[PDB]
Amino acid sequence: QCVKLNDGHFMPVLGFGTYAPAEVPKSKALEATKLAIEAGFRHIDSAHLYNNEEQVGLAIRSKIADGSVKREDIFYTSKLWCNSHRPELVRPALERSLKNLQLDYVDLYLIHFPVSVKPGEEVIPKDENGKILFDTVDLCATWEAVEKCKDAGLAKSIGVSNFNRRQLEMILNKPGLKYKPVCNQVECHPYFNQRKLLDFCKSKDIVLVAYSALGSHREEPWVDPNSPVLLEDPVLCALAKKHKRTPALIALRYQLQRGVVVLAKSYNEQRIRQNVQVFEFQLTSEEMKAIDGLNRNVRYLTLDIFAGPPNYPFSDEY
């Protein structure tokens, strides 16, 4: 189930998505993650932003106490939110995520999003006129404090999320660079297959990590509800009939076959169990290219509110 990272560590190819909109009680974060560990997920993806590291952490700690796993067997990811991009604030944010988790280390720590916001207790601080209180932080600086987190052994591996190509290049080109990003976690599914970005990532030994791989939570205002529903796709449905699987499984399996590490969120016990069956069938080259034909360039997570500053990552082609 694993891919070797460029820092020598191993990342399982299928990960469990822990985000659910806040209308869903956080108690389900805990139940769901235990079920995911139980169903066989070994890679668990969260963030400070998701406001669930207490529950996800307990979940993980719970499955260790009952003997179902040891900590060595779990790959846990957290992410540095945008109000702690200032170097001095990077270590304390990771430490805060760990105290909440009640874990000594994270397996992977990402720069969640490349646009910095004003420090403070507000998640997305805005003025009363209109806009987000953007901050001026050198990402190359932010990264260096992220590397210090690897040196301190708080994070076993480090990487980025929602970086475009120039931003990845930027880190690669940085004088003094200690560690490459192990990964770039981005939106990827058959309506936005990220081919160019995926190729660039492979040409530089960076794991692309597909999120919203099942077509997103569709939570407003983060997703246009007029957007097409990925899992209703006729071809994904056909391939599912043909393989006696589901459109979800087709869509997950697509990513495994093109060397993409794939996340799937589910709080449903059935669909949690179903999702691990990505390791029990496979697609033909002809099928896989059928799925390449589904490319719509429909980006579910535009993150428009962050547009404006130069580091808004989706202005560039890729």
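Rigid core (definition): largest C-alpha set, two forms, superposition within 1.5 Å. Throughout, we count residues from 1 along the sequence that is shown.
Engineer: Between 149-157 and 130-138, which has the larger RMS C-alpha deviation from this form in 6 other deposited structures of this protein after core superposition?
Structural biologist: Between the two stretches, 130-138 moves farther in 6 other deposited structures of this protein.
Engineer: Rigid core superposed, root mean square over structures and residues, which stretch has C-alphas farther from this form in 6 other deposited structures of this protein, 120-128 or 226-234?
Structural biologist: Between 120-128 and 226-234, greater C-alpha deviation in 6 other deposited structures of this protein belongs to 120-128.
Engineer: If you average the CA temperature factors as listed in the entry, which stretch comes out higher, 49-57 or 275-283?
Structural biologist: Looking at the record's C-alpha B-factors, the answer is 275-283.
Engineer: Comparing 76-84 with 148-156, where is the mean C-alpha B-factor higher?
Structural biologist: Taking the mean C-alpha B-factor of 76-84 and of 148-156, the larger value falls to 148-156.
Engineer: In the PDB entry, which of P92, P114, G215, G130 has its C-alpha at the highest B-factor?
Structural biologist: Most elevated C-alpha B-factor of the set, per the entry: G130.
Engineer: Highest Cα temperature factor in the entry, among the options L197, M170, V207, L108: which one is it?
Structural biologist: In the PDB entry, the greatest C-alpha B-factor among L197, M170, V207, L108 is found at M170.
Engineer: Please rank the C-alpha B-factors of the chain's modelled residues and tell me whether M11 sits in the lowest, middle or highest third.
Structural biologist: Answer is middle: the recorded C-alpha B-factor places it there.
Engineer: Taking the entry's C-alpha B-factors for this chain, is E219 in the lowest, middle or highest third?
Structural biologist: As the PDB entry reports it, the C-alpha B-factor of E219 lands in the lowest third of its chain.
Engineer: Give the position of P309 by CA B-factor within its chain, expressed as the lowest, middle or highest third.
Structural biologist: Answer is highest: the recorded C-alpha B-factor places it there.
Engineer: Lowest, middle or highest third: which one holds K178 when the chain's residues are ordered by CA B-factor from the entry?
Structural biologist: Ranked within chain, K178 CA B lands in the highest tercile.
Engineer: Once the chain's modelled residues are ordered by C-alpha B factor and cut into thirds, is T136 in the lowest, middle or highest one?
Structural biologist: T136: CA B-factor falls in the highest third of its chain.
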